[PDB]
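Asker: See structure-v3.cif below, with mmCIF, C-alpha atoms and all ligand atoms.
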data_input
#
loop_
_atom_site.label_atom_id
_atom_site.label_comp_id
_atom_site.auth_asym_id
_atom_site.auth_seq_id
_atom_site.Cartn_x
_atom_site.Cartn_y
_atom_site.Cartn_z
CA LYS A 32 52.92 11.38 282.38
CA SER A 33 49.69 11.93 280.46
CA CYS A 34 47.81 10.19 277.64
CA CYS A 35 46.98 13.21 275.49
CA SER A 36 47.63 16.90 274.82
CA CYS A 37 44.26 18.32 275.86
CA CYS A 38 44.19 17.25 279.51
CA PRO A 39 46.47 17.28 282.58
CA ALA A 40 48.29 14.30 284.08
CA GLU A 41 45.76 14.09 286.91
CA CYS A 42 42.46 14.16 285.03
CA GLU A 43 39.73 12.01 286.60
CA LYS A 44 37.96 11.26 283.32
CA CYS A 45 41.23 10.01 281.84
CA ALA A 46 41.97 8.00 284.98
CA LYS A 47 40.32 4.74 283.89
CA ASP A 48 40.90 5.26 280.17
CA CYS A 49 41.52 8.02 277.63
CA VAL A 50 37.96 9.07 276.78
CA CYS A 51 39.14 11.57 274.17
CA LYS A 52 38.30 9.71 270.95
CA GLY A 53 36.53 12.72 269.48
CA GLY A 54 37.32 15.91 267.61
CA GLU A 55 35.84 16.69 264.20
CA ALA A 56 38.11 19.64 263.40
CA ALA A 57 40.50 19.82 260.45
CA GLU A 58 41.15 23.57 260.58
CA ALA A 59 40.12 24.31 264.17
CA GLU A 60 43.09 23.75 266.47
CA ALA A 61 41.51 23.79 269.93
CA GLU A 62 43.25 23.73 273.32
CA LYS A 63 40.60 21.72 275.16
CA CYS A 64 38.06 18.90 274.88
CA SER A 65 34.30 18.75 275.39
CA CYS A 66 34.10 15.22 276.81
CA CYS A 67 36.20 16.59 279.66
CA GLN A 68 34.99 20.15 280.24
CD CD A 101 42.45 14.69 276.63
CD CD A 102 40.43 14.10 280.25
CD CD A 103 43.77 11.10 278.00
CD CD A 104 38.50 14.59 276.88
#
As a first step, turn the structure in this file into structure tokens.

Answerer:
Amino acid sequence: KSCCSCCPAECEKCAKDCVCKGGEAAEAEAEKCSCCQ
């Protein structure tokens, strides 16, 4: 069970809280996040 579609279900950054409240892309479908890279 995860809390997003850009990180695994064992991410450390997303352990305390989903820190993926970013992404300024309307026509750039990415398969990863910077905050957690
Ligand atoms: Cd994520
Ligand atoms: Cd993460
Ligand atoms: Cd998350
Ligand atoms: Cd992230």

Asker: Within 9 Å of (45.8, 24.8, 274.6) in the file's own coordinates, which protein, DNA or RNA residues have an atom, counting all atoms listed in the file? List them as a list in words.

Answerer: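 Counting all atoms listed in the file, I find these residues within 9 Å of (45.8, 24.8, 274.6): residues 36, 37, 60, 61, 62 and 63 of chain A.
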
Asker: Return as an NGL selection string every polymer residue, whether protein, DNA or RNA, with at least one atom no more than 6 Å from an atom of ligand CD 103 (chain A); count only C-alpha atoms and all ligand atoms.

Answerer: :A and (34-35 or 45 or 49)

Asker: Return as a list in words every polymer residue, whether protein, DNA or RNA, with at least one atom no more than 7 Å from an atom of ligand CD 104 (chain A); count only C-alpha atoms and all ligand atoms.

Answerer: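 The distance check yields residues 37, 38, 50, 51, 64, 65, 66 and 67 of chain A.
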
Asker: Compare A:32, A:43, A:59, A:53 by their minimum atom-to-atom distance to ligand CD 102 (chain A), counting only C-alpha atoms and all ligand atoms, and give me the closest one.

Answerer: A:43

Asker: Kindly list the centre and edge lengths in Å, rounded to one decimal, for the axis-aligned box that covers all listed atoms of region 59-64 of chain A plus 5 Å on each of its six sides, as AutoDock Vina command-line options.

Answerer:
--center_x 40.7 --center_y 21.6 --center_z 269.7 --size_x 15.2 --size_y 15.4 --size_z 21.0

Asker: Counting only C-alpha atoms and all ligand atoms, which residue out of A:57, A:33, A:47, A:42 sits closest to ligand CD 102 (chain A)?

Answerer: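 Using only C-alpha atoms and all ligand atoms, the shortest distance to ligand CD 102 (chain A) belongs to A:42.
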
Asker: Got a sec to write chain A of the block to a file, C-alpha atoms, as an mmCIF file, in the first residue's frame?

Answerer:
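Heads up, here's the output in decode_4.cif:
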data_model
loop_
_atom_site.group_PDB
_atom_site.id
_atom_site.type_symbol
_atom_site.label_atom_id
_atom_site.label_comp_id
_atom_site.auth_asym_id
_atom_site.auth_seq_id
_atom_site.Cartn_x
_atom_site.Cartn_y
_atom_site.Cartn_z
ATOM 1 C CA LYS A 32 0.000 0.000 0.000
ATOM 2 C CA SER A 33 1.431 3.342 -1.120
ATOM 3 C CA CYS A 34 0.342 6.986 -1.053
ATOM 4 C CA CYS A 35 1.202 7.957 -4.629
ATOM 5 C CA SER A 36 2.188 6.729 -8.092
ATOM 6 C CA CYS A 37 5.748 8.062 -8.230
ATOM 7 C CA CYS A 38 7.263 6.187 -5.286
ATOM 8 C CA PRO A 39 7.389 2.634 -3.867
ATOM 9 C CA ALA A 40 5.509 1.352 -0.821
ATOM 10 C CA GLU A 41 8.681 1.473 1.276
ATOM 11 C CA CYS A 42 9.949 4.992 0.583
ATOM 12 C CA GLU A 43 11.623 6.658 3.566
ATOM 13 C CA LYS A 44 10.688 10.202 2.549
ATOM 14 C CA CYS A 45 7.036 9.165 2.312
ATOM 15 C CA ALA A 46 7.261 7.328 5.635
ATOM 16 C CA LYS A 47 6.214 10.216 7.880
ATOM 17 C CA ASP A 48 4.048 11.948 5.278
ATOM 18 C CA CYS A 49 3.586 12.195 1.510
ATOM 19 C CA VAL A 50 6.063 14.946 0.631
ATOM 20 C CA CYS A 51 5.043 14.923 -3.031
ATOM 21 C CA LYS A 52 2.968 18.107 -3.226
ATOM 22 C CA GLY A 53 4.839 19.340 -6.286
ATOM 23 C CA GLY A 54 4.840 18.919 -10.047
ATOM 24 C CA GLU A 55 4.376 21.843 -12.424
ATOM 25 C CA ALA A 56 3.820 19.774 -15.567
ATOM 26 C CA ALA A 57 0.667 19.831 -17.692
ATOM 27 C CA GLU A 58 2.111 18.089 -20.750
ATOM 28 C CA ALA A 59 5.127 16.375 -19.192
ATOM 29 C CA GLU A 60 4.078 12.987 -17.816
ATOM 30 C CA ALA A 61 7.060 11.969 -15.684
ATOM 31 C CA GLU A 62 7.685 8.644 -13.944
ATOM 32 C CA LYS A 63 9.527 10.043 -10.922
ATOM 33 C CA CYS A 64 9.732 12.934 -8.461
ATOM 34 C CA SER A 65 12.515 15.367 -7.562
ATOM 35 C CA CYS A 66 11.708 15.750 -3.865
ATOM 36 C CA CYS A 67 12.489 12.035 -3.637
ATOM 37 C CA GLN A 68 15.363 11.427 -6.055
#
